[PDB]
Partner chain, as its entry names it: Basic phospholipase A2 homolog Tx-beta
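Coming up is one lone chain in structure tokens, specifically the form solved without its partner chain.
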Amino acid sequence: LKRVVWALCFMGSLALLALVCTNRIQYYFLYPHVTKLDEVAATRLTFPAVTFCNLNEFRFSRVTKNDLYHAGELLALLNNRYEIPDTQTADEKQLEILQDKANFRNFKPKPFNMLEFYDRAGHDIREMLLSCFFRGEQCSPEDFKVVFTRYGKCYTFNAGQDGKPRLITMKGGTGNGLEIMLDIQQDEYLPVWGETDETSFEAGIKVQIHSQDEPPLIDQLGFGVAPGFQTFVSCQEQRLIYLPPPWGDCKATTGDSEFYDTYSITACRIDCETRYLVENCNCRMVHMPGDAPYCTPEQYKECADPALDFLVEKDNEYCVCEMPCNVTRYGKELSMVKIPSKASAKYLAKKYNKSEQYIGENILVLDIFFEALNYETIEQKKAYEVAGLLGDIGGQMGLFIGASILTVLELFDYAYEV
């Protein structure tokens, strides 16, 4: 009778060992991870890269007759027949100027390049930048690097490219960061006389705070800043460490692109777009990097734009961009105050030779800074390693039947002898 109770106890114990062991094994092959959040104080923080664009792509006073000829349809200033659209709400002077530039009688077309057009007709930072301050000391427009995006000629402060060393901040708070007073030059905006898809009613700038290791993607990752306010941006540096397969989904390999030195998801997207447009239309857009020839406005109309839209719509499988394992993100909180005060309106108007109306509707102040001298870390950590797996299997294997790998080897010994 005792051998029966022993047989039942050994059988049930071996069954429990079976299901528990297969449980821990399956849990290991899920490759599970859990997250470790930490806050690290630092004596210094590397200030990020700040890219800003004017919402107006190009200045009206800088557009020329040749520009209307080649890119008149693309710039939406002229209709398909090289004639001005509906004149509703058209200033007499502006409409006469445009009508004069669109005469096109005995006109010899000069050579035209999209990057030349954006570079000269775009808003000059030397005119927009009314004042610059970093850590309380003056900055020059030479700190701003020209970057071409979908919005046109844009500028990146502290880009850290072309061998310039990146700036640091040793104190947090509103004073100890970037602080620029900009004039968005609303007088230079393209007149809107007729409704169009490209017609926009916004006035202000668009800013993206990003690491120097990634290029700007201002059309998607930027936030707007409106004239007439001083906007504060409190930043919190975040350092992210992800896990590669089979734990998570990250880009383990450096994967350097021909266009960009360091791999980033932004660089992967704009690289994918660049390759697609170069293959499909044999030309490259203004914002894209490389050595390819830039598109002509005819190529823009008949190939480039429908090609990108078709790439977005047809299938995401062509452009699948994984996230790198080491990522520096910047968190940001926005707040506003009014500019200028009644005590300063006259002084600003006289300082920049403008009317107080103009100052009120054209001046914005951007204040970008770190809230405090610390950074957060978010790390994906492996939850079950092979040492822990063997430890649990050994513990339960020793608890239920008290056997070992040598014991199973001995049972296989008798099986081979049998």
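Residue numbers count along the first chain shown, from 1. Only the largest set of C-alpha atoms that superpose within 1.5 Å between the two forms is called the rigid core.
Separately, the form deposited with its partner chain bound exists; it is not shown, and the next lines address it.
Among heavy atoms of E279, some come within 4.5 Å of its partner chain in the entry with it bound. Heavy atoms of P306 reach within 4.5 Å of its partner chain in the entry with it bound, making it an interface residue. Heavy atoms of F310 reach within 4.5 Å of its partner chain in the entry with it bound, making it an interface residue. Its partner chain is not drawn, but in the entry with it bound it has a heavy atom within 4.5 Å of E302.
Proximity to its partner chain in the entry with it bound, defined as a heavy atom within 4.5 Å, singles out one entry of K108, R126, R81, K314, which is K314. Stretch 294-302 is the contacting one of 294-302, 97-105, 154-162, 117-125, since its residues have non-hydrogen atoms within 4.5 Å of its partner chain in the entry with it bound. For the listed set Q138, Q220, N103, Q88, the sole C-alpha moving 2 Å or more between the shown form and the other one on a rigid core superposition is that of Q88. After superposing the rigid core, the Cα of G360 is displaced by less than 2 Å between the shown form and the other one. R126 is not among the residues whose C-alpha shifts by 2 Å or more between the shown form and the other one once the rigid core is aligned; its shift stays under 2 Å. Taking the rigid core as fixed, one finds a CA shift for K301 of 2 Å or more between the shown form and the other one. Cα of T87 to Cα of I97: at least 3 Å longer in the entry with it bound than in the shown structure.
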